[PDB]
Amino acid sequence: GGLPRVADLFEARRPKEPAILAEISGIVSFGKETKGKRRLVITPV
DNA sequence: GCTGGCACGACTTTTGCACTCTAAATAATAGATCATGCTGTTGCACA
């Protein structure tokens, strides 16, 4: 908090752990060829 | 007759053209903070 955060909000800095969002139809797909790169490749049709 | 500022022939001064030739020693440490580009590392798909 504090107020080196008014500066952060106006500078539009991204946070360290952003929340990932989805699109119009986020059907459950879990993983799709995840392998080494990341994990749980979601494929909402 | 006495005196006080003007010119002249040596001398003197100025001026471009002209090319020159070691070790010491001084400060770091003690702002972070963020953005961006370059380079090496690794996961992924192909013949």
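Note that these values count all heavy atoms, side chains included, but never hydrogens, waters or copies made by symmetry. First the proteins, then the strands, lettered A, B, ... as listed; each starts at 1.
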Q: If you look at every heavy atom in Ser29(A) and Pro44(A), which pair is closest and at what distance?
A: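 Closest approach of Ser29(A) to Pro44(A): CB-N, 4.3 Å.
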
Q: Does any pair with a residue in residues 14-29 of chain A pass salt bridge (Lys or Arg N to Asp or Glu O under 4.0 Å), and if so which ones, sequence neighbours excluded?
A: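 For residues 14-29 of chain A: none.
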
Q: Using the torsion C1'-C2'-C3'-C4', state whether the ribose or deoxyribose of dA18(B) falls on the north (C3'-endo) or south (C2'-endo) side.
A: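 North.
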
Q: If a positive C1'-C2'-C3'-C4' torsion means north (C3'-endo side) and a negative one means south (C2'-endo side), where does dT29(B) fall?
A: north

Q: Identify the two heavy atoms, one from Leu40(A) and one from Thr34(A), that lie closest to each other, and give their separation to 0.1 Å.
A: N-CG2, 3.3 Å

Q: Using the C1' atom as the reference point in each nucleotide, state the distance between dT22(B) and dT26(B) in Å, no decimals.
A: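 To the nearest whole Å, 16 Å.
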
Q: As a test of the definition: with a 90° window around 0 for syn, would you call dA28(B) syn or anti?
A: syn

Q: If you measure from CD1 on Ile27(A) to OG1 on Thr43(A), what distance do you get to the nearest 0.5 Å?
A: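 Going from CD1 on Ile27(A) over to OG1 on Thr43(A), the span is 10.5 Å.
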
Q: When the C1'-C2'-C3'-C4' sign is the only test used, does the sugar of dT22(B) come out north or south?
A: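 North, since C1'-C2'-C3'-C4' is positive for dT22(B).
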
Q: Please enumerate all protein N or O atoms sitting under 3.5 Å from an N or O of nucleotides 30-34 of chain B, with distances to 0.1 Å.
A:
| from | atom 1 | to | atom 2 | distance (Å) |
| --- | --- | --- | --- | --- |
| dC34(B) | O3' | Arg13(A) | NH1 | 2.9 |

Q: Looking only at whether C1'-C2'-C3'-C4' is positive or negative, is the sugar of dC19(B) north or south?
A: north

Q: Where does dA7(B) land, syn or anti, given syn is within 90° of 0?
A: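 Classified anti.
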
Q: Determine the sugar pucker of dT26(B): a positive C1'-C2'-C3'-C4' angle counts as north, a negative one as south.
A: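 Judging by the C1'-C2'-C3'-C4' torsion, which comes out positive, the sugar of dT26(B) sits north.
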
Q: Can you list the stems that DNA chain B is part of, where a stem is at least 3 pairs in a row, each Watson-Crick or G-U, with both distances below 3.5 Å?
A: none

